[PDB]
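Asker: structure.cif (mmCIF, C-alpha atoms and all ligand atoms) pasted underneath:
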```
data_upload
#
loop_
_atom_site.label_atom_id
_atom_site.label_comp_id
_atom_site.auth_asym_id
_atom_site.auth_seq_id
_atom_site.Cartn_x
_atom_site.Cartn_y
_atom_site.Cartn_z
CA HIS I 4 16.79 -0.23 12.87
CA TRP I 5 13.17 0.81 12.16
CA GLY I 6 10.34 -1.61 12.34
CA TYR I 7 6.99 -2.09 14.05
CA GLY I 8 7.85 -2.91 17.75
CA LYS I 9 7.76 -1.01 21.11
CA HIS I 10 11.28 0.05 20.61
CA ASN I 11 11.52 0.76 16.89
CA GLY I 12 7.90 1.20 15.76
CA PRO I 13 6.16 4.18 14.22
CA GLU I 14 6.44 6.53 17.18
CA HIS I 15 10.24 6.10 16.93
CA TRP I 16 10.65 6.83 13.30
CA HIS I 17 11.05 10.57 13.55
CA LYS I 18 14.47 10.18 15.18
CA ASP I 19 15.95 8.64 11.96
CA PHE I 20 13.43 10.24 9.54
CA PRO I 21 12.46 13.70 10.78
CA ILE I 22 9.98 14.11 7.92
CA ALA I 23 7.80 11.68 10.00
CA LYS I 24 6.40 14.90 11.66
CA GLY I 25 6.05 16.63 8.26
CA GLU I 26 3.22 18.49 6.65
CA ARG I 27 1.85 15.81 4.33
CA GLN I 28 2.38 12.41 6.09
CA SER I 29 0.31 9.25 5.49
CA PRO I 30 -1.81 7.43 6.35
CA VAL I 31 -4.71 9.53 7.50
CA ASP I 32 -8.22 8.97 8.74
CA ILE I 33 -10.70 9.60 5.92
CA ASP I 34 -13.61 11.44 7.51
CA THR I 35 -16.22 10.64 4.84
CA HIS I 36 -18.52 13.45 5.79
CA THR I 37 -15.88 16.13 5.36
CA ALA I 38 -14.25 14.77 2.18
CA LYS I 39 -15.18 17.20 -0.66
CA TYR I 40 -16.89 15.74 -3.70
CA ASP I 41 -15.03 16.99 -6.78
CA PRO I 42 -17.16 16.64 -9.87
CA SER I 43 -14.12 17.47 -12.03
CA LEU I 44 -12.19 14.35 -10.82
CA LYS I 45 -12.02 11.83 -13.71
CA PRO I 46 -12.59 8.08 -13.56
CA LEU I 47 -9.44 6.22 -12.49
CA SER I 48 -7.79 4.35 -15.41
CA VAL I 49 -6.26 1.08 -14.41
CA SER I 50 -4.59 -0.63 -17.32
CA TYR I 51 -3.22 -3.86 -16.04
CA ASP I 52 -3.86 -6.25 -19.03
CA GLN I 53 -0.19 -6.34 -19.89
CA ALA I 54 1.21 -6.63 -16.35
CA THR I 55 4.40 -8.67 -15.94
CA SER I 56 4.90 -9.90 -12.43
CA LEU I 57 8.35 -11.14 -11.73
CA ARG I 58 9.11 -11.98 -8.15
CA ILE I 59 7.75 -11.96 -4.70
CA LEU I 60 9.95 -10.81 -1.87
CA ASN I 61 9.89 -10.77 1.99
CA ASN I 62 11.83 -7.57 2.72
CA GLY I 63 11.41 -7.81 6.44
CA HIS I 64 8.58 -5.28 6.69
CA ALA I 65 6.01 -6.77 4.29
CA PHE I 66 6.12 -8.88 1.12
CA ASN I 67 6.28 -7.14 -2.25
CA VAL I 68 5.00 -8.64 -5.53
CA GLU I 69 7.37 -6.86 -8.07
CA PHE I 70 6.58 -6.11 -11.69
CA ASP I 71 8.58 -5.33 -14.78
CA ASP I 72 8.35 -1.55 -14.89
CA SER I 73 10.87 -1.09 -17.77
CA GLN I 74 8.00 -0.41 -20.20
CA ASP I 75 4.40 0.89 -19.95
CA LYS I 76 2.71 -2.48 -19.19
CA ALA I 77 0.69 -1.98 -15.99
CA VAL I 78 -0.16 1.76 -15.65
CA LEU I 79 -2.40 3.97 -13.65
CA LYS I 80 -3.58 7.30 -15.04
CA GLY I 81 -6.61 9.60 -15.09
CA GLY I 82 -8.34 9.94 -11.74
CA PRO I 83 -6.59 12.95 -10.05
CA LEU I 84 -3.38 12.27 -11.97
CA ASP I 85 -1.55 14.12 -14.74
CA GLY I 86 0.16 11.66 -16.99
CA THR I 87 1.20 8.10 -16.48
CA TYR I 88 2.37 6.05 -13.59
CA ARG I 89 3.93 2.59 -13.87
CA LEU I 90 3.22 -0.22 -11.45
CA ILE I 91 6.42 -1.31 -9.72
CA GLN I 92 5.17 -3.46 -6.83
CA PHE I 93 2.32 -4.17 -4.50
CA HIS I 94 2.27 -5.14 -0.91
CA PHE I 95 -0.02 -5.21 2.09
CA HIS I 96 -0.24 -4.06 5.68
CA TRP I 97 -2.19 -6.20 8.14
CA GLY I 98 -3.03 -6.84 11.76
CA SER I 99 -2.52 -9.47 14.47
CA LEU I 100 -6.32 -9.50 14.67
CA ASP I 101 -9.09 -8.94 12.11
CA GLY I 102 -10.05 -5.64 13.95
CA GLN I 103 -6.89 -3.84 12.83
CA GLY I 104 -4.32 -3.80 10.09
CA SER I 105 -5.22 -0.99 7.65
CA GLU I 106 -3.16 2.20 7.58
CA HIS I 107 -5.91 4.53 6.31
CA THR I 108 -9.04 4.41 8.33
CA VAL I 109 -12.62 5.46 7.22
CA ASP I 110 -14.51 7.44 9.93
CA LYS I 111 -11.95 5.83 12.33
CA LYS I 112 -12.82 2.33 11.16
CA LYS I 113 -9.83 0.01 10.77
CA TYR I 114 -9.90 -2.72 8.20
CA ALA I 115 -8.13 -6.08 8.56
CA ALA I 116 -5.54 -5.15 5.98
CA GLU I 117 -4.72 -2.67 3.21
CA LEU I 118 -3.23 -3.32 -0.18
CA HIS I 119 -0.93 -0.72 -1.76
CA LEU I 120 -0.29 -0.82 -5.54
CA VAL I 121 2.70 1.43 -5.95
CA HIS I 122 3.23 3.33 -9.14
CA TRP I 123 5.82 5.94 -10.24
CA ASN I 124 5.48 8.81 -12.64
CA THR I 125 7.09 8.07 -15.97
CA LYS I 127 8.13 11.65 -16.36
CA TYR I 128 10.87 10.89 -13.80
CA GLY I 129 12.24 7.83 -15.60
CA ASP I 130 12.61 5.54 -12.53
CA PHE I 131 11.34 4.91 -9.02
CA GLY I 132 14.40 6.23 -7.24
CA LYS I 133 14.18 9.61 -8.87
CA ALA I 134 10.37 9.76 -8.67
CA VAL I 135 10.33 9.47 -4.82
CA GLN I 136 12.32 12.69 -4.60
CA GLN I 137 9.48 14.56 -6.37
CA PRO I 138 6.17 15.78 -4.89
CA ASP I 139 4.10 14.18 -7.68
CA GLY I 140 6.46 11.16 -8.07
CA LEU I 141 4.24 8.30 -6.91
CA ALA I 142 0.62 7.29 -7.15
CA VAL I 143 -0.37 4.65 -4.63
CA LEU I 144 -3.74 2.91 -5.10
CA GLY I 145 -4.94 1.77 -1.63
CA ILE I 146 -7.63 -0.95 -1.32
CA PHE I 147 -8.99 -2.10 2.08
CA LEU I 148 -9.42 -5.77 2.92
CA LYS I 149 -12.24 -7.01 5.13
CA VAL I 150 -12.54 -10.64 6.23
CA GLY I 151 -15.46 -12.58 4.85
CA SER I 152 -15.62 -14.58 1.59
CA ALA I 153 -12.24 -15.53 0.01
CA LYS I 154 -10.71 -13.45 -2.82
CA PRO I 155 -9.91 -16.12 -5.47
CA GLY I 156 -7.51 -13.77 -7.21
CA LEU I 157 -5.46 -13.50 -3.99
CA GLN I 158 -4.91 -17.19 -3.51
CA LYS I 159 -1.75 -17.55 -5.64
CA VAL I 160 -0.04 -14.89 -3.50
CA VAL I 161 -1.19 -16.64 -0.28
CA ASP I 162 -0.04 -20.00 -1.50
CA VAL I 163 3.60 -18.89 -2.19
CA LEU I 164 4.10 -17.30 1.33
CA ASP I 165 5.55 -20.37 2.96
CA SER I 166 8.43 -20.08 0.38
CA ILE I 167 9.36 -16.53 1.58
CA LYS I 168 8.72 -16.91 5.26
CA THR I 169 11.72 -14.95 6.53
CA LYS I 170 13.37 -11.62 5.70
CA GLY I 171 15.40 -11.68 2.47
CA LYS I 172 13.63 -14.59 0.86
CA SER I 173 12.30 -14.30 -2.68
CA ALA I 174 10.62 -16.48 -5.12
CA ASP I 175 9.77 -16.42 -8.78
CA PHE I 176 6.32 -15.00 -9.26
CA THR I 177 5.35 -14.77 -12.87
CA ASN I 178 1.97 -14.40 -14.58
CA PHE I 179 0.18 -12.94 -11.54
CA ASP I 180 -2.67 -10.81 -12.59
CA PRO I 181 -3.28 -7.84 -10.23
CA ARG I 182 -6.76 -7.23 -11.80
CA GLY I 183 -7.86 -10.15 -9.53
CA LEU I 184 -7.30 -7.93 -6.44
CA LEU I 185 -9.58 -4.99 -7.47
CA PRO I 186 -13.12 -4.45 -6.21
CA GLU I 187 -15.97 -3.80 -8.63
CA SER I 188 -16.16 -0.04 -8.10
CA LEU I 189 -13.21 2.40 -8.75
CA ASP I 190 -14.88 5.21 -6.70
CA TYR I 191 -12.08 6.74 -4.70
CA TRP I 192 -10.83 9.38 -2.26
CA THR I 193 -7.59 11.19 -2.98
CA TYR I 194 -5.13 13.45 -1.13
CA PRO I 195 -1.43 14.34 -1.16
CA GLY I 196 0.67 12.36 1.28
CA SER I 197 3.74 10.27 1.79
CA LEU I 198 5.24 6.81 1.83
CA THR I 199 3.94 5.13 5.02
CA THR I 200 7.32 3.45 5.75
CA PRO I 201 10.68 5.08 6.06
CA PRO I 202 11.99 7.08 4.27
CA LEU I 203 8.44 8.57 4.63
CA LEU I 204 9.05 10.82 1.58
CA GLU I 205 6.32 13.22 0.70
CA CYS I 206 5.99 12.06 -2.94
CA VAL I 207 2.64 10.21 -3.06
CA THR I 208 -0.75 11.05 -4.57
CA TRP I 209 -2.91 8.69 -2.60
CA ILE I 210 -5.94 7.20 -4.33
CA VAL I 211 -7.93 5.05 -1.79
CA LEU I 212 -10.82 3.01 -3.13
CA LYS I 213 -14.13 3.35 -1.36
CA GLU I 214 -15.07 -0.31 -1.81
CA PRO I 215 -13.07 -2.91 0.17
CA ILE I 216 -12.38 -6.38 -1.13
CA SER I 217 -13.20 -9.31 0.99
CA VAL I 218 -10.73 -12.01 1.80
CA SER I 219 -11.13 -15.11 3.94
CA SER I 220 -9.96 -15.61 7.44
CA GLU I 221 -7.78 -18.52 6.04
CA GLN I 222 -6.12 -16.05 3.58
CA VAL I 223 -5.26 -13.39 6.17
CA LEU I 224 -4.14 -16.06 8.70
CA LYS I 225 -1.57 -17.10 6.11
CA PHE I 226 -0.21 -13.48 6.00
CA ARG I 227 0.26 -13.71 9.78
CA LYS I 228 2.53 -16.76 9.46
CA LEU I 229 5.21 -14.69 7.83
CA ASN I 230 8.19 -13.54 9.79
CA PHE I 231 9.90 -10.16 10.17
CA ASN I 232 13.15 -11.98 11.14
CA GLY I 233 15.69 -13.73 8.83
CA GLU I 234 16.05 -17.49 8.77
CA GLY I 235 17.81 -18.76 11.84
CA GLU I 236 16.82 -15.76 13.91
CA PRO I 237 14.24 -15.92 16.66
CA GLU I 238 10.69 -15.96 15.23
CA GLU I 239 8.88 -12.66 15.22
CA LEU I 240 5.49 -12.95 13.44
CA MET I 241 5.02 -10.38 10.64
CA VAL I 242 1.82 -8.84 12.10
CA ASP I 243 0.80 -5.20 12.78
CA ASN I 244 3.08 -3.75 10.11
CA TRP I 245 0.88 -0.67 9.78
CA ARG I 246 1.52 2.97 10.56
CA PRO I 247 -1.38 4.63 12.42
CA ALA I 248 -3.23 7.67 11.09
CA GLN I 249 -1.23 10.89 11.01
CA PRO I 250 -2.44 14.53 11.34
CA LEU I 251 -4.25 15.77 8.27
CA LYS I 252 -2.76 19.27 8.77
CA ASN I 253 -3.43 21.58 5.94
CA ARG I 254 -5.05 19.06 3.59
CA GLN I 255 -8.46 18.34 2.00
CA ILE I 256 -9.46 14.82 1.03
CA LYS I 257 -11.38 14.87 -2.27
CA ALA I 258 -13.97 12.29 -3.31
CA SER I 259 -14.69 11.13 -6.81
CA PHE I 260 -18.23 10.18 -5.80
CA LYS I 261 -21.48 11.14 -4.12
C1 LIG N 1 13.98 6.25 -1.47
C2 LIG N 1 13.31 4.90 -1.64
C3 LIG N 1 13.99 4.09 -2.53
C4 LIG N 1 13.39 2.86 -2.65
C5 LIG N 1 14.03 1.86 -3.58
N1 LIG N 1 12.24 2.48 -2.01
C6 LIG N 1 11.59 3.38 -1.21
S1 LIG N 1 10.11 2.61 -0.46
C7 LIG N 1 8.33 2.69 -0.26
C8 LIG N 1 7.89 3.14 0.98
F1 LIG N 1 8.90 3.52 1.87
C9 LIG N 1 6.48 3.19 1.27
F2 LIG N 1 6.08 3.61 2.45
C10 LIG N 1 5.47 2.75 0.39
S2 LIG N 1 3.70 2.86 0.70
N2 LIG N 1 3.52 1.81 1.90
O1 LIG N 1 2.84 2.09 -0.22
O2 LIG N 1 3.34 4.08 1.33
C11 LIG N 1 5.96 2.29 -0.83
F3 LIG N 1 5.03 1.92 -1.70
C12 LIG N 1 7.34 2.22 -1.17
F4 LIG N 1 7.71 1.74 -2.37
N3 LIG N 1 12.14 4.61 -0.96
ZN ZN N 2 2.25 0.29 1.96
#
```
Once more with this new file: its structure as structure tokens, please.
Ligand SMILES: Cc1cc(C)nc(Sc2c(F)c(F)c(S(N)(=O)=O)c(F)c2F)n1
Ligand SMILES: [Zn+2]

Answerer:
Amino acid sequence: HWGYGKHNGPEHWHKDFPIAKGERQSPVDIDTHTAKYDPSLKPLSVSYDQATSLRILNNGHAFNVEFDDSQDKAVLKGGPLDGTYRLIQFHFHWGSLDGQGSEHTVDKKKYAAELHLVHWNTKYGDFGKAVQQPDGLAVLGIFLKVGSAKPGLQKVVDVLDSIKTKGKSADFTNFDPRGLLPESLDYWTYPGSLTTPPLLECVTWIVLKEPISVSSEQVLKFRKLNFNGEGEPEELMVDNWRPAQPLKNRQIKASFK
């Protein structure tokens, strides 16, 4: 039932998923002046050299690039984290227009899109059990602005016409997610939630300070996807972002400045 329209969009989600009005929901606006520098935060460790992508999937909300997470091959650790989190999939949220699309905002600024690299804590053995735990996931969020193309994004963009509609998948091997990372790993971090139902409060968010730039041609090709299944009326997959939620009793920490 849930989605991103007038009738089933984010302001409706609480009726199926009451935790939507919970105490640690995401995304949030990152007010950069009030984020606390924490000199004891460590550098983020991104170890993606052995990443095994497998498939790319249009699940009707976004598209996910899935990885083999049955061994420690693409892991995130250090930063604010204890122990080791395995990359399971990434996806993006984007707008109908370049002026919107990101879920987190920075001093109320919206970016054209936001990439989420989703990782689960190995001490919980799999994704499904990790999401039930308050330290189960670590999501690395990277903003996209439109400008020069991101060469490392182009293989994703080029396969989109093969998974246009909900339920479609395609083989997607040998994709290297290092090609999507900006130069700096300076980050902000706070405890939050999944930004789509079930909205579970299991995520340590790590949002990079530096956006990557992608071309208008790349993000236009995101907007040609469809939220519908094949043979259903065309509904463009645009504006699949949840707006900022109340910070409540949380402090956003910065690894820098
Ligand atoms: C209980 C359960 C089971 C399964 C298989 N997926 C999930 S989904 C999920 C989700 F709902 C999210 F919002 C996010 S996110 N956008 O990066 O915050 C996510 F990464 C996810 F992987 N939840
Ligand atoms: Zn997401």

Asker: Using only C-alpha atoms and all ligand atoms, find each residue with an atom at most 6 Å away from ligand LIG 1 (chain N) and format the answer as a list in words.

Answerer: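 The residues near ligand LIG 1 (chain N) are residues 119, 121, 132, 135, 198, 199, 200, 201, 202 and 203 of chain I.
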
Asker: Using all atoms listed in the file, what are the residues with an atom within 12 Å of ligand ZN 2 (chain N), set out as an MDAnalysis selection string?

Answerer: chainID I and resid 29:30 64:68 92:97 104:107 116:122 142:147 197:201 203 207 209 211 244:247

Asker: Pick out the closest residue to residue 20 of chain I from this set: I:219, I:42, I:242, I:204. Count all atoms listed in the file.

Answerer: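 Using all atoms listed in the file, residue 20 of chain I sits closest to I:204.
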
Asker: As a ChimeraX atom specification, please: the residues near segment 80-88 of chain I (cut-off 8 Å, all atoms listed in the file, same-chain neighbours under 3 positions excluded).

Answerer: /I:44-49,122-125,127,141-142,193,208

Asker: Just want the 10 Å neighbourhood of residue 60 of chain I, counted on all atoms listed in the file, with same-chain residues fewer than 5 positions away dropped. Output as a VMD selection string.

Answerer: chain I and resid 65 to 69 94 164 166 to 176

Asker: For residue 153 of chain I, list every protein, DNA or RNA residue within 9 Å, evaluated using all atoms listed in the file, and leave out those in the same chain fewer than 5 positions away; present the list as a PDB file with C-alpha atoms, in the frame of the given file.

Answerer:
```
ATOM      1  CA  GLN I 158      -4.910 -17.190  -3.510  1.00  0.00           C
ATOM      2  CA  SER I 217     -13.200  -9.310   0.990  1.00  0.00           C
ATOM      3  CA  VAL I 218     -10.730 -12.010   1.800  1.00  0.00           C
ATOM      4  CA  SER I 219     -11.130 -15.110   3.940  1.00  0.00           C
ATOM      5  CA  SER I 220      -9.960 -15.610   7.440  1.00  0.00           C
ATOM      6  CA  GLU I 221      -7.780 -18.520   6.040  1.00  0.00           C
ATOM      7  CA  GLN I 222      -6.120 -16.050   3.580  1.00  0.00           C
TER       8      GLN I 222
END
```

Asker: Determine the nearest neighbour of residue 178 of chain I from the options I:154, I:24, I:10, I:58, counting only C-alpha atoms.

Answerer: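 Of I:154, I:24, I:10, I:58, the one nearest residue 178 of chain I is I:58, counting only C-alpha atoms.
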
Asker: Kindly give the distance, in Å, that separates atom CA of residue 256 of chain I and atom CA of residue 139 of chain I, rounded to a single decimal.

Answerer: 16.1 Å

Asker: Which residue out of I:128, I:260, I:194, I:51 has the minimum interatomic distance to residue 181 of chain I when only C-alpha atoms are used?

Answerer: I:51
